[PDB]
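Q: I'd like to ask you about the structure that follows.
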Amino acid sequence: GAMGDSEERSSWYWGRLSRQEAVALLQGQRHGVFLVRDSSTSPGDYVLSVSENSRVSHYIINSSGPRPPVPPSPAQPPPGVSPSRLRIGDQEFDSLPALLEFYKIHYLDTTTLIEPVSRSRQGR
């Protein structure tokens, strides 16, 4: 056995990988493996890459996570305990593991989700 969790980011996270770089290794290895790219341009977003039918699709995930509190009412004191919010493409979730787990067995666009793509660029 070996590592392989959904909550562990160090398990389904590698780093920044361009389109050619991400695909170079994510060239549809297993029946269907997904990989998380380390976005850059974005001020604080995450890019998700999915492999299927020998392809590689990229999806940008938004993470509102508003640090500063903002009351919905015109007159009211700002709270302290506020949960984070994460949205991907045209769907919303609780966190990275929330969508990854809910889609770990369900289709996100035109395919399901399976174990993460090898951490290395070589099949061992």
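All Cβ positions, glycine included, derive from the backbone under ideal geometry; neighbour counts span all protein chains shown. Coordinate-derived values only; no laboratory data.
Q: Listed residues 57, 42, 51; which is among the hydroxyl-bearing types (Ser, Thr, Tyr) and either part of a loop (DSSP other than H, G, I, E, B) or in contact with a helix residue (DSSP H, G or I) (Cβ under 7 Å, 6 or more places away or on another chain) (or both)?
A: Residue meeting the stated conditions: 42.
Q: Taking the range 100-124 as the search range and keeping residues that are among the acidic types (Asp, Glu) and part of a loop (DSSP other than H, G, I, E, B), which one is surrounded by the fewest Cβ atoms within 10 Å (Cβ to Cβ)?
A: Per the criteria, the residue is 109.
Conditions (1) surrounded by 15 or more Cβ atoms within 10 Å (Cβ to Cβ); (2) over 16 Å from the mean Cα position of the chain (by Cα); (3) over 23 Å from residue 98 (Cβ atoms), marked per residue:
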site	(1), (2), (3)
3	no, yes, no
24	no, yes, yes
27	no, yes, yes
32	yes, no, no
62	yes, no, no
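Q: Here is a follow-up. Do we have any residue at all in the range 84-93 that's among the β-branched types (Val, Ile, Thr), exposed (fewer than 10 other Cβ atoms within 10 Å of the Cβ) and touching a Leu at 6+ places or on another chain (Cβ under 9 Å)?
A: Scanning the range 84-93, I find no residue that is among the β-branched types (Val, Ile, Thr), exposed (fewer than 10 other Cβ atoms within 10 Å of the Cβ) and touching a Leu at 6+ places or on another chain (Cβ under 9 Å), so the answer is no.
Q: Find the residue count for the range 76-99, including only residues that are among the hydrophobic types (A, V, I, L, M, F, W, C) and assigned to a loop (DSSP other than H, G, I, E, B).
A: Of the residues in the range 76-99, 1 are among the hydrophobic types (A, V, I, L, M, F, W, C) and assigned to a loop (DSSP other than H, G, I, E, B).
Q: Quick one: how many residues across the range 86-118 are without any contact (Cβ under 8 Å) to a residue 12 or more places away in the chain and either under 16 Å from residue 3 (Cβ atoms) or among the charged types (D, E, K, R) (or both)?
A: Residues meeting the conditions: 3.
Q: From the set of residues in the range 6-21 that are surrounded by fewer than 15 Cβ atoms within 10 Å (Cβ to Cβ) and not hydroxyl-bearing (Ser, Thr, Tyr), which is nearest to residue 100 (Cα to Cα)?
A: 7
Q: How many residues are surrounded by 12 or more Cβ atoms within 10 Å (Cβ to Cβ), farther than 17 Å from residue 96 by Cβ and either touching a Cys at 6+ places or on another chain (Cβ under 7 Å) or polar (S, T, N, Q) (or both) when one looks only at the range 34-60?
A: Within the range 34-60, residues that are surrounded by 12 or more Cβ atoms within 10 Å (Cβ to Cβ), farther than 17 Å from residue 96 by Cβ and either touching a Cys at 6+ places or on another chain (Cβ under 7 Å) or polar (S, T, N, Q) (or both) number 2.
Q: Oh, and also: Only one of (1) over 18 Å from the mean Cα position of the chain (by Cα); (2) within 29 Å of residue 1 (Cα to Cα) fails for residue 79. Which number is that?
A: (2)
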